[PDB]
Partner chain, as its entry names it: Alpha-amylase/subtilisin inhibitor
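First, one chain by itself: the form solved without the partner chain, in structure tokens.
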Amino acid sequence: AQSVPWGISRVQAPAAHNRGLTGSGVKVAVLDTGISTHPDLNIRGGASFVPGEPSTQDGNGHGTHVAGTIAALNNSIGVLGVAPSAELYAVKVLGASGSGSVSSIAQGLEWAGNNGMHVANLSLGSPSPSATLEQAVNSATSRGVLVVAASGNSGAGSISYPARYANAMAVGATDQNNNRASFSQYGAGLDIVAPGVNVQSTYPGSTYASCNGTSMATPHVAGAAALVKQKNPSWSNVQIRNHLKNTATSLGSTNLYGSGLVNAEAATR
């Protein structure tokens, strides 16, 4: 039996699925700790930029969880992603510890731009800026990748890098009341928010697990971008980002929420 995590419903992905929008034909790279083989995921390819972990399998759990929020398969098992027919790519930039370097992350972004990714999900970040990282964000963006990144978990009124960069779409986390999660970073550069508390998704060991974080919010938006791209195949990264923001539901504060809560129904109307 399949269950629909509350955040998938909150962003109104099922309304888009009922219009025949699933993210089919859209290439989404998850730049994370890998993605483990799982019966509720279809992993099309990928690459590893972590020396010492040549495979794209996930030794941490975080990348597999993120992937499932984007693209858990619509079937009779497990959970259901925002964009369950997205073409999923495992781009390992973080090791099994959950840490990586700005170089590894930049190599993932240059892979995404060299391989025709439409969306790159970066559920990662740091409080410090990086020229290496920024360069790669801009390069990927010029190659048509929509870079979607987590605002961070410090609870501060400023957001992490690379989400703070103009060419990244920065995503904060909300709770079931549509309030900002206590940990969710906000402030300048914040674009949008999505569910990020008690988010159930795919997890290694062929199982499912619930996590909190702006890392969990980010893939809701990555998935919504894929729905928008399937409906509007001619649109650019910038067009999709702007439409997601224009169609988001206001949550009563630009500082705390950016454009507000992502809404896949309104964005695919």
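Numbering follows the first chain given and starts at 1.
If you look for the form solved in complex with the partner chain, you will not find it shown, but the lines that follow are about it.
Only one listed stretch (22-30, 36-44, 228-236, 211-219) carries heavy atoms within 4.5 Å of the partner chain in the entry with it bound, and that stretch is 211-219. Residue contact with the partner chain in the entry with it bound: residue 113 places no heavy atom within 4.5 Å of it.
At the 4.5 Å threshold, heavy atoms of residue 241 stay clear of the partner chain in the entry with it bound, well away from it. Although the partner is absent from this view, residue 57 stays clear of the partner chain in the entry with it bound, with no non-hydrogen atom inside 4.5 angstroms. Contact annotation: residue 168 falls outside 4.5 Å of the partner chain in the entry with it bound, judged by heavy atom distances. Interface residue among 138, 179, 153, 74 relative to the partner chain in the entry with it bound, by the heavy atom within 4.5 Å criterion: 153. For the marked spot (224, 247 and 261), a heavy atom within 4.5 Å of the partner chain in the entry with it bound is absent from each of the three residues.
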